[PDB]
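Side chains included, hydrogens not; waters and symmetry mates left out as well; all remaining heavy atoms used. Proteins get letters first, then strands, A, B, ... in listed order; numbering begins at 1 in each.
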Amino acid sequence: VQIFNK
Amino acid sequence: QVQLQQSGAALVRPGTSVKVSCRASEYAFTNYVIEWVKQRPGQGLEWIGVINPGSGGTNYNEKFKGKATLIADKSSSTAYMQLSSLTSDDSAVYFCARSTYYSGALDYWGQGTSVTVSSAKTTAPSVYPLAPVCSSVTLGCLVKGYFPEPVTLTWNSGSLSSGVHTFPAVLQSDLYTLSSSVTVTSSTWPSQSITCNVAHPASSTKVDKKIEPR
Amino acid sequence: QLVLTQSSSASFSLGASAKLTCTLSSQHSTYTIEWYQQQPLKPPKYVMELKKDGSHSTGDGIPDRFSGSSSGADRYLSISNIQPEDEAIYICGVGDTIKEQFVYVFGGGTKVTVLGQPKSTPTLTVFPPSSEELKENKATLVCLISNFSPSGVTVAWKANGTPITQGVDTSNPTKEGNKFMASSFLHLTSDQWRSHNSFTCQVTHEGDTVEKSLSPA
Ligand SMILES: [Cl-]
Ligand SMILES: [Cl-]
Ligand SMILES: [Cl-]
Ligand SMILES: [N+]
Ligand SMILES: [N+]
């Protein structure tokens with residue numbers, strides 16, 4: 001899965 | 001209204017460090033992340049890193065660990081990037097851009113900060129007035145031998161804006177040369193003082209050259 | 001790891017349909033990418049978010065001619081009427097969090113050249129050395145080149161019919177509106193300047209040649 005966690 | 005205002009052009013000597021600044025306007029700084037990108041030499045972009053302004057959380061491109069240092073200060077809504085031990089490779093346009101904490105989109109970008117890395121002699125331009133050559137007349141301005149970029153050229157300090165064309169600078173042996181032209185009516189000049197104004201921030205100089213008839 | 005792949009250059013007859021390819025590393029075939037538009041001395045522009053279902057979500061300022069589709073590991077930017085203004089570098093971006101670390105990766109960019117466009121031929125503005133510069137026994141001749149498209153030019157200088165290579169500095173084109181501008185300077189001594197009957201700025205653009213000359217008299 002793609003994760004955007006900033 | 002959403003605006004990212006970046007610091008001005010900076011001349012960094014090799015082996016030194018530079019601080020570039022990105023100030024946010026018309027949005028809540030802590031609600032978004034600030035990301036930094038380098039303009040590649042021929043075409044393309046190179047991601048440097050991101051700062052989470054509320055947490056101080058930084059991620060970097062592997063290549064910029066130990067080179068870049070991202071900081072953000074909630075008070076003044078401003079983000080800063082420090083680049084260290086700079087070489088000519090670090091000479092480039094660096095951009096700040098805004099993104100959500102949930103998506104990859106860099107939706108609003110800054111104007112860019114142009115960094116020049118060189119040991120070259122800071123030199124203030126020599127400005128020459130160019131009279132018409134041989135109802136209307138094209139006057140000109142020569143800006144010879146200046147380092148670094150940028151300069152700012154206006155005519156009558158921005159008062160004479162109509163019919164101005166300021167052409168790209170040439171580079172030769174760490175000295176830049178540039179010219180500008182302006183077409184005015186026979187009734188404006190030589191009856192009125194027309195000046196080519198050249199401000200060079202790195203030399204703290206400003207020269208106003210009156211174009212004078214032959 | 002996460003790698004976006006594009007061809008460097010693509011050309012499209014003005015008015016035709018353009019389809020640009022940004023292929024994703026096979027391990028990440030389901031990822032959501034962004035399109036960006038890079039034009040000269042301007043900050044990069046956000047174009048769209050493009051998901052795997054072909055769903056697109058274009059940014060402010062973007063015309064309908066811009067569309068988006070997906071075909072597996074291939075993300076596509078479609079421009080229906082390729083206009084002169086669409087001429088730009090198109091770059092795709094992708095984000096992922098490996099471990100707890102956020103990365104963003106750009107592709108190499110696709111420089112799009114719109115073909116079949118009608119040309120604009122340069123007009124020339126030449127300046128002799130100032131009296132002031134001549135007093136230092138130096139003479140800069142100035143050639144200002146306006147209103148050309150495409151960008152590509154070659155500048156030469158002549159001293160009475162004979163080429164001169166030394167002291168010639170020529171700029172790169174830059175964009176002013178829909179066309180381009182450039183500059184060439186010829187660096188002489190005040191003697192060389194006074195000792196010839198003419199000097200000539202010669203610009204060559206798309207098969208055409210433009211020349212404006214100066215005399216010390
Ligand atoms: Cl610093
Ligand atoms: Cl005159
Ligand atoms: Cl392509
Ligand atoms: N004016
Ligand atoms: N200045």
Does C:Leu20 reach the side chain of C:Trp35, with side-chain heavy atoms less than 4.5 Å apart?
yes
Is there a side-chain contact between B:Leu178 and B:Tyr146, using heavy atoms and a 4.5 Å cut-off?
yes
Please report the shortest heavy-atom distance between [X] and [Y], naming the atom on each side.
| X | Y | answer |
| --- | --- | --- |
| C:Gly68 | C:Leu50 | C-CD1, 4.0 Å |
| B:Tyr176 | B:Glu149 | CE2-OE1, 3.4 Å |
| C:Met181 | B:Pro168 | O-CG, 3.8 Å |
| B:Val170 | C:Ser171 | CG1-N, 3.4 Å |
| B:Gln39 | B:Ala92 | O-CB, 3.8 Å |

Decide whether a cation-pi geometry holds between A:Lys6 and C:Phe102; the criteria are a distance under 6.0 Å from NZ or CZ to the six-membered ring centre and an angle within 45° of the ring axis.
yes
Distance under 6.0 Å and angle within 45° of ring axis: C:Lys19 vs C:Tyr76
yes
Contacts satisfying disulfide bond (SG atoms under 2.5 Å apart) that involve residues 139-205 of chain B (not counting sequence neighbours) are B:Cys141-B:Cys196
Between B:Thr122 and B:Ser203, does a side chain to side chain donor-acceptor pair (under 3.5 Å) hold up when you go through it step by step?
CA-CA 7 Å; B:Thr122 297; B:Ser203 77; over 6 Å; no
Checking side-chain polar atoms at under 3.5 Å, does [X] have a donor or acceptor matched by the opposite partner on [Y]?
| X | Y | result |
| --- | --- | --- |
| C:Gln37 | C:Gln39 | yes |
| C:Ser120 | C:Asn147 | no |
| B:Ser180 | B:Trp155 | yes |
| C:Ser78 | C:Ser67 | no |
| B:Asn197 | B:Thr154 | yes |

For atom NZ of C:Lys111, decide whether the heavy atoms of other residues, nucleotides or ligands shown that lie under 6.0 angstrom number more than 12.
no
Side chain to side chain contact (heavy atoms under 4.5 Å, CB included) with B:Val198: which of B:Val143, B:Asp208, B:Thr152?
B:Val143
So does B:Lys65 pair up with B:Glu62, basic N to acidic O under 4.0 Å?
yes
side-chain contact (heavy atoms from CB on, under 4.5 Å) against C:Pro128, all qualifying residues, sequence neighbours excluded
B:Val133, B:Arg214, C:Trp193, C:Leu214
Can you say whether the rings of C:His187 and C:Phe185 are parallel (under 30°), tilted (30 to 60°) or perpendicular (over 60°)?
parallel
B:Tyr32: ring-ring contact (aromatic ring centres under 6.0 Å, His included) partners, not counting sequence neighbours:
B:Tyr27
Determine, stepwise, if the pair C:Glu133 / B:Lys144 fulfils salt bridge (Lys or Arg N to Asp or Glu O under 4.0 Å).
CA-CA 10 Å; C:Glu133 196 202 4; B:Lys144 213 177 122 201; 2.7 Å; yes
Steps toward side-chain contact (heavy atoms from CB on, under 4.5 Å) verdict (C:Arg75, C:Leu24):
CA-CA 8 Å; C:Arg75 299 280 180 279; C:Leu24 269 144; 3.8 Å; yes
